[PDB]
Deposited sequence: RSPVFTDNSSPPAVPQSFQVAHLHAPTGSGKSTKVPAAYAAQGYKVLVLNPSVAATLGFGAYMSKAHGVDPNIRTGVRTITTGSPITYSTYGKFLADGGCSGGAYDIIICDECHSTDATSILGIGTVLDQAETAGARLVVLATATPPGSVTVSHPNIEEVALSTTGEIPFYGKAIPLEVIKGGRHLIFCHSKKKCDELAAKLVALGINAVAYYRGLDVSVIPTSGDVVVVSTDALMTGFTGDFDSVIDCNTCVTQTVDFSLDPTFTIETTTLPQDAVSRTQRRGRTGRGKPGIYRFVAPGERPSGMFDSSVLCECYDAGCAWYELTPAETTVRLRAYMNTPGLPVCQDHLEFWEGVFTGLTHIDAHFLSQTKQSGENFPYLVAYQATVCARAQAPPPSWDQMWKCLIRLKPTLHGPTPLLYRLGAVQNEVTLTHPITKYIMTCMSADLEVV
């Protein structure tokens, strides 16, 4: 238990997930008379530690807020951001501080930039999977390499039928077209194959007997888990056509990713993990398009100027022991700064709808509406514009590229031109 210091310290705390760090740790600090805040990315986790310690801490999530007068608060990073960040606490624990979702990143950076001014003595950056870590072996999971033999084609290797006859098995595949293709062949060999991915109702998975569930990362109880060892990963490309493209890329998975997928077996009883590849990237590198996400979340959810968002991301990049990324702070701040007078109605629909880049989407929707032009495609991304579809004609004033573009485009909008400058100035 890192002692509370005389001057402000940032501390790192690497210890297994579940053991001590969101639970025993804060309680020991409180037992010494300190005020302590414990930050977590997930709502369920924050309530999970709340309930478990209530046998009483303050609990601060978007959906539920309990104030109890306790010296211990469990918040998510998002609610922490919503509450204006640093008010009130001697000690702030950033739990699961490896997390590369926007919110967590803005959260920690916020804690890093502000904790000292606001009078804290200690910030503990806690996680069980700090940068460079690999997958540790699990007592309940036997791990067996797949070999070229077997009669089912699987990412260069093969799977034997014997391993997926009898019981429950989960096969992780990388995309959607690949889940369909694989489920289908198993149905054509008797086996009970069920594909799952974003845009399916969770009902379609049987609950009791034999199945081979072919899903992405979109109770389960599996006897076996089968992993293609790859992940579709969001990335940015500065393609100058006219500006940037948000697209995907399939990289070999990292440690936490291998963990997450292996952990779908061994749920108490024994488990089996069979792999396409023996290796893994180490964790601790994230794409530029995560920076774009921070500026997006900041502008859409957290009422931050681009500039404030930068101040918080700077603190995060000025701390050692954290996921590292390209320094595109001035670029990304530049971009969002030009993005003014969004339609609040469009913004509100792309937020509700769980869109990625809800701000950039609603902004391209805004620009489209005011021009009376259509969006770059009639995909699901552009749902907010359906009400107006009947009124919209001509070429799409294209700002950036978030997906497929079916409509002809104009490249001359002031916002398009402005962004273009940003990339020639800051890149």
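Visitor: Comparing the deposited sequence against the modelled residues, what ranges come up empty for C-alpha?
Guide: Residues lacking C-alpha coordinates: 1-10, 66-69, 102-103, 235-239, 449-451.
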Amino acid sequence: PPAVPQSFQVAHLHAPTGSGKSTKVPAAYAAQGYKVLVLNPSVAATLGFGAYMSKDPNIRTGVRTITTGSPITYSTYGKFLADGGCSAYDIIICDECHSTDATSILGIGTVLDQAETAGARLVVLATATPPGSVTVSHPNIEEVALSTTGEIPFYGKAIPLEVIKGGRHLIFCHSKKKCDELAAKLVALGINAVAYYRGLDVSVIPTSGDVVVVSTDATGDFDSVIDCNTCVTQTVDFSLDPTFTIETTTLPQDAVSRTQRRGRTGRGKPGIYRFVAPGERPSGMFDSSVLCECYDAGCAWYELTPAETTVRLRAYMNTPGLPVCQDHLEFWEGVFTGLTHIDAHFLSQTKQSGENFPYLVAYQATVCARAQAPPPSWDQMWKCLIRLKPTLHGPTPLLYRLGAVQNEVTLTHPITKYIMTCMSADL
From here on, numbers count along this sequence of modelled residues.
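Visitor: So, looking at the entry's B-factor column for Cα atoms, which has the higher mean, 185-193 or 236-244?
Guide: 185-193 has the higher mean C-alpha B-factor.
Visitor: 262-270 versus 308-316: which one carries the higher mean Cα B factor per the record?
Guide: Per the PDB entry, the higher value belongs to 262-270.
Visitor: Highest CA temperature factor in the entry: which of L170, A118, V290, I105?
Guide: The record points to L170.
Visitor: Which listed residue, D201, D296, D90, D327, has the largest C-alpha temperature factor in the record?
Guide: That would be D201.
Visitor: Sorting by Cα B-factor within the chain, modelled residues only, which third would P160 end up in: lowest, middle or highest?
Guide: Tercile = highest for this residue's CA B-factor.
Visitor: Determine, from the deposited record, the chain-internal third of the Cα B-factor for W332: lowest, middle or highest.
Guide: It falls in the middle third of the chain.
Visitor: Among all modelled residues of this chain, ranked by Cα B factor, put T110 in the bottom, middle or top third, i.e. lowest, middle or highest.
Guide: Lowest third of the chain for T110's C-alpha B-factor.
Visitor: Rank-wise, by C-alpha B-factor, drop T391 into the lowest, middle or highest third of its chain.
Guide: Ranked within chain, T391 CA B lands in the middle tercile.
Visitor: When the deposited Cα B-factors of this chain's modelled residues are ordered and cut into thirds, is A255 in the lowest, the middle or the highest one?
Guide: Ranked within chain, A255 CA B lands in the middle tercile.
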